[PDB]
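[1] Experimental structure and its sequence below.
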Amino acid sequence: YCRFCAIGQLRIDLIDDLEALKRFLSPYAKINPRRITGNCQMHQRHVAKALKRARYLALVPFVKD
Amino acid sequence: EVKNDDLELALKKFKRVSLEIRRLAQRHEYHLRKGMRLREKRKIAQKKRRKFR
Amino acid sequence: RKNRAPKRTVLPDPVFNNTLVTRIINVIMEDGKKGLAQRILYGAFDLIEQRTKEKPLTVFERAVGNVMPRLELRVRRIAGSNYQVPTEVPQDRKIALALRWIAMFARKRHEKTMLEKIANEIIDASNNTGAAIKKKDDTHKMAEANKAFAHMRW
Amino acid sequence: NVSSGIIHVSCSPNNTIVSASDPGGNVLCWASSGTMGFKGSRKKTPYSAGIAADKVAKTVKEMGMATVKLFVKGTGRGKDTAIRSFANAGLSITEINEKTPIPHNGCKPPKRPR
RNA sequence: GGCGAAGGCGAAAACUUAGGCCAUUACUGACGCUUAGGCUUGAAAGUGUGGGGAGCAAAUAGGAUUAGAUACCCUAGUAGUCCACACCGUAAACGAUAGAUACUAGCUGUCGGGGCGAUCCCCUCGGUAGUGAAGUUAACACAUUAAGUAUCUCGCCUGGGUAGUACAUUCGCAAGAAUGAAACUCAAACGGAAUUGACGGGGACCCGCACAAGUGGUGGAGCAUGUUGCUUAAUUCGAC
């Protein structure tokens, strides 16, 4: 279903919410596409940008499992 | 990359991953044109999702 | 596309009462005609028991069983040459090839009487020394070389 | 002796190089498809890789190695037959480790076989 | 899926700014399209450039089959493999369908905005594809994101091989880019659509000693017979 802009109050950040973004990412530390996440393209790109920011923040490994 | 959920059967789950690695690693064994790279990647993705549904 | 066919062989020869000696009649056969070949086969039995006493039934069955080849080679080419991949065979091919080897090496030796050389071929095929057991050793030692490409799918 | 260490399996495009190494730096054994006398056109055959894997597994099991960390590179049934022969020869595995060479448009290998 | 003129743009973050759209019940009040002028951009690629330059490679050296391999298998190899700076400027730069607009079957849509509303769904404004009515074309299809109907403005084509060829002249050190023939020659274009069987060292396909597992084997040998080569006056003729 819809995975972003519904699990939050429309105020977007990266603190204490990656645990809610984890299940939108396969255990492969890979960003699940809109095909897998199923959210809207706005929310899919929300998830993608947040997860890639977390990767650059060492919150989630890039290609490491 | 690292796929393992069992003590011994992890290779059963890894067979499909190995086929996927074959089809995503035949691109790293030789260089080919970028336009054709994107074309083949997107075409194969659309073909696979077409057969899934 | 041809499918599996029956493996027919003429019924047992009443002198020894098994289809095995009849298949030997049929495969050691030259221009098949059972007018004279049966008397010569009776003599062959005689020379078998006279030389190094061995009941033909038991020695022949032991030789056939031990010589039994197991491996066959299928073909897959690369348009430049051909290679082989090993597969398994049933007991019918095993016994057919064993009888074939015994019969073919029975007719081809060098001593006075042809009866003597067929008897000697039986004797030397008795103890599973190489007259036809070499084929069983060779197939096992060469199909293992064709296992080289066994784990490859193409 | 050793019961848990590191082995680096390199499934070459026409071979498979298997070498058991210690985390501290030393190595236990190394066997190539050629070290057994099957070098030049038979190394590419997966059974040569399986036999090399059997050799390293049996010598390191004589060294006592039950399980091992395995960094396998190269794709195909060679990387599968290697671990199959490892398990058969008593050299068990914990999991497959993949730090595989997936470049992000990196270096250039020699041109494609055309 | 979207952004931007097509070209291009995807690890994250910050810097300056973007066009455009929804509701504008708001406002100047046709200010709307327009090219020859005048430009820049433009994948690549080549040149210089200051360094960088992992990696491999245009030519090349070799090793192999080969009819030979300057192709294809394999490794070295030069420029090049990036930004900052200039020339360069073509492309399957194509929706092979110019910019903008007036609407016009239908269905599902896909996203962004707005409305609604736990989410969600639905509708609506735009981008946004397939399906398919009618019309049209040679058909593909276009098919409401037209190729239906047209509108303002621009650029292009007037049987062909010739030939984007020489030249005037423009840009560029150059290569080339811009523009651009003529002469000779033919009666059509390797002219597009579509039919027919066929072809395939394109695809599945079914059986047939066709293959395979065989039996015996032939051409090997002695002897026959046909034919071929000669040669005769002819070894009648032919078949092939």
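    Okay, I see it. Residues are numbered from 1 along each chain as shown, chains lettered A, B, ... in the order given.

[2] From here on, just use CA atoms for contacts and neighbour counts.
    OK.

[3] and the helix or strand harbouring residue C:146 with chain D, contact?
    Assigned by DSSP states H and E, residue C:146 belongs to helix C:133-146. No: under the criterion of CA under 8 Å from any CA of the partner chain, helix C:133-146 makes no contact with chain D; the nearest approach is 8.7 Å.

[4] For the residue nearest the centre of chain C, which residues are in contact?
    Nearest to the geometric centre of chain C sits residue C:98, at 2.1 Å (CA atoms, centre = their mean). Residue C:98 makes contact with C:63-65, C:67-69, C:132, according to CA atoms under 8 Å, 6 or more residues apart in numbering or on different chains.

[5] if we go to 6 Å?
    Under the criterion of CA atoms under 6 Å, 6 or more residues apart in numbering or on different chains, the neighbours of residue C:98 are C:64, C:67.

[6] How about the secondary structure of it?
    helix (DSSP: H, G, I helix; E, B strand; the rest coil).

[7] hang on, the earlier thing: for the helix holding residue C:146, which outside residues touch it?
    Contacts of helix C:133-146 (CA under 6 Å, 6+ apart): C:67, C:69, C:84-86.

[8] separation between the residue in chain A positioned nearest to chain D and residue A:5?
    Here chain A gets closest to chain D at one residue, residue A:64, 7.6 Å apart by CA to the nearest CA. Remark: distance between residue A:64 and residue A:5 (CA to CA, to the nearest Å) = 28 Å.

[9] More neighbours: these two, which one.
    residue A:5 (17 against 14; other CA atoms under 10 Å in any protein chain shown).

[10] Find the residue closest to the residue of chain C found nearest chain D in space, skipping its chain neighbours.
    For chain C and chain D, the shortest gap (CA to the nearest CA) falls at residue C:148, measuring 4.5 Å. Once flanking residues are discounted, residue C:148 sits nearest to residue D:47: 4.5 Å by CA to CA, 6 or more residues apart in numbering or on different chains.

[11] isn't the one you found right next to residue C:150, touching?
    No: using CA atoms under 6 Å, residue D:47 makes no contact with residue C:150, being 7.3 Å away.

[12] Kindly calculate the angle that the longest helix seen in chain D makes with helix C:133-146.
    The longest helix of chain D (DSSP state H) is helix D:46-62. Inter-element angle recorded for helix D:46-62 and helix C:133-146: 90 degrees (by axes from the mean of the first three to the mean of the last three CA atoms, to 10 degrees).

[13] which residues touch helix D:46-62?
    So helix D:46-62 is contacted by C:148, C:151, D:16, D:31, D:33, D:78, D:81-82, D:85-86, D:91 (CA under 6 Å, 6+ apart).

[14] just stretch D:6-24 next, same as before
    Residues contacting stretch D:6-24 (CA under 6 Å, 6+ apart): D:5, D:27-30, D:32, D:43-44, D:49, D:68-74.

[15] Just the ones in strands from these, please.
    D:5, D:27-30, D:68-73 (DSSP state E).

[16] and the helix ranked longest in chain A, anywhere near RNA strand E?
    Longest helix in chain A by number of residues (criterion: DSSP H): helix A:41-56. Yes: using CA under 7 Å from any atom of the strand, we find that helix A:41-56 touches RNA strand E at A:41-43, A:49, A:52-53, A:55-56.

[17] Return the closest of the residues you listed with respect to residue B:9.
    Closest approach between these and residue B:9, by CA to CA: residue A:55, at 30.3 Å.

[18] list the contacts for that closest one?
    Applying CA under 6 Å, 6+ apart, the residues contacting residue A:55 are A:61-62.

[19] go again using 10 Å as the cut-off
    A:29, A:49, A:61-63 (CA atoms under 10 Å, 6 or more residues apart in numbering or on different chains).

[20] And residue B:1, by the same measure?
    A:27-30, A:63-65, B:17, B:21, D:96-100.

[21] repeat for residue A:23
    Residue A:23 neighbours (CA under 10 Å, 6+ apart): A:3, A:32, A:37.

[22] The second one is in contact with residue A:3, isn't it?
    No: in this structure residue A:32 lies outside contact range of residue A:3 using CA atoms under 10 Å: 11.4 Å.

[23] what do the two both touch?
    A:23-24, A:38, A:44, A:47.

[24] Name the residues of chain A found near chain B, please.
    A:27-30, A:35, A:63-65 (CA under 10 Å from any CA of the partner chain).

[25] can you give me the strands in chain A?
    A:25-26, A:30-31.

[26] any idea which of the ones in strands among the contacts of stretch D:6-24 is closest to chain A?
    Nearest member of the ones in strands among the contacts of stretch D:6-24 to chain A, counting by CA to the nearest CA, is residue D:71, at 13.5 Å.

[27] Count the residues that sit near the closest one.
    16.

[28] Residue A:61 versus that one, what's the distance?
    19 Å.

[29] Also residue C:11?
    Relative to residue A:61, and taking CA to CA, residue C:11 is found at 76 Å.

[30] the more surrounded of these two?
    residue A:61 (16 against 13).

[31] Close to RNA strand E: what parts of chain C are there?
    C:1-2, C:27-31, C:97.

[32] which of the shared contacts of residue A:32 and residue A:3 sit farthest apart?
    For these, the farthest-apart pair by CA to CA is A:23 and A:44; their separation is 13.4 Å.

[33] what touches both of these two?
    Common neighbours of residue A:23 and residue A:44 (CA under 10 Å, 6+ apart) are A:3, A:32, A:37.

[34] With respect to RNA strand E, which of those residues is nearest?
    residue A:3 (8.3 Å; CA to the nearest atom of the strand).
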